[PDB]
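Chemist: Here it is, the structure, as structure tokens.
Cβ: placed from backbone, ideal geometry, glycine included. Neighbour counts: every protein chain shown. What follows draws every value from the coordinates through simple rules; no lab data is involved.
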Amino acid sequence: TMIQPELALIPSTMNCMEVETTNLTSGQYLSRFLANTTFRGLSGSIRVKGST
Amino acid sequence: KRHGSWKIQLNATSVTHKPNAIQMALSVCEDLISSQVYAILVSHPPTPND
């Protein structure tokens with residue numbers, strides 16, 4: 001939301017069987033954020049390895 | 001015609017570039033996967049850079 005709040009908050013696809021071929025999908029944008037996370041969790045430290 | 005194998009047959013199916021990622025993947029799954037096809041040739045889509 002500090003980067004792309006409109007893309008983060010609004011999902012790109014609204015129909016299960018009809019998804020527009022968006023260049024920057026909300027899930028696609030969130031994929032980079034998931035791949036770019038590193039912090040400390042309850043059980044230890046959480047990071048992203050291999051982007052997946 | 002140029003291969004001497006008698007137990008091997010070659011078939012070609014036309015898979016057009018569907019103008020949607022969902023349409024392309026769904027068309028591939030419904031046609032190529034259901035055809036038990038082996039190998040696929042990749043070609044550029046209508047967009048010059050995509």
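Residues are listed down the side, and each one gets a yes or a no for (1) out of contact with any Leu (no Cβ under 8 Å at 6 or more places or on another chain); (2) hydroxyl-bearing (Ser, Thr, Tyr):
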| residue | (1), (2) |
| --- | --- |
| A:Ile3 | yes, no |
| A:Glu6 | yes, no |
| A:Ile10 | yes, no |
| A:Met14 | yes, no |
| A:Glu18 | yes, no |
| A:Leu24 | no, no |
| A:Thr52 | yes, yes |
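Chemist: Could you figure out which of (1) touching a helix residue (DSSP H, G or I) at 6+ places or on another chain (Cβ under 9 Å); (2) in a loop (DSSP other than H, G, I, E, B); (3) farther than 28 Å from B:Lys18 by Cα isn't true of A:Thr22?
Modeler: Every condition holds for A:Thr22 apart from (3).
Chemist: What's the number of the only condition in (1) in contact with a helix residue (DSSP H, G or I) (Cβ under 9 Å, 6 or more places away or on another chain); (2) closer than 26 Å to A:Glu18 by Cβ that B:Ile22 fails to meet?
Modeler: All conditions pass for B:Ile22, except number (1).
Chemist: Could you tell me which residue of the stretch B:1-18 is farthest from the chain's Cα centre (by Cα), considering only residues that are surrounded by 10 or more Cβ atoms within 10 Å (Cβ to Cβ) and either within 14 Å of another protein chain (Cβ to nearest Cβ) or among the basic types (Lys, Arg) (or both)?
Modeler: Among those residues, the one meeting the criterion is B:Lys18.
Chemist: In the stretch B:19-50, what count of residues is obtained for those that are surrounded by 13 or more Cβ atoms within 10 Å (Cβ to Cβ) and among the acidic types (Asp, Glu)?
Modeler: 1
Chemist: Name the single residue that is nearest to B:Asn20 (Cα to Cα) among those in the stretch A:32-50 being under 11 Å from the mean Cα position of the chain (by Cα) and either within 14 Å of another protein chain (Cβ to nearest Cβ) or not in a helix (DSSP H, G or I) (or both).
Modeler: It comes out as A:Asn36.
Chemist: Could I ask something else about it? Any idea how many residues of the stretch A:32-46 are surrounded by fewer than 10 Cβ atoms within 10 Å (Cβ to Cβ) and charged (D, E, K, R)?
Modeler: Residues in the stretch A:32-46 being surrounded by fewer than 10 Cβ atoms within 10 Å (Cβ to Cβ) and charged (D, E, K, R): 1 in total.
Chemist: Next up: Look at the stretch A:7-31 and say how many of its residues are surrounded by 14 or more Cβ atoms within 10 Å (Cβ to Cβ) and more than 14 Å from chain B (Cβ to nearest Cβ).
Modeler: Qualifying residue count for the region: 5.
Chemist: Among the residues of the stretch B:17-31, are any in a helix (DSSP H, G or I) and in contact with a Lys or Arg (Cβ under 7 Å, 6 or more places away or on another chain)?
Modeler: Yes: the stretch B:17-31 contains one or more residues that are in a helix (DSSP H, G or I) and in contact with a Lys or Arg (Cβ under 7 Å, 6 or more places away or on another chain).
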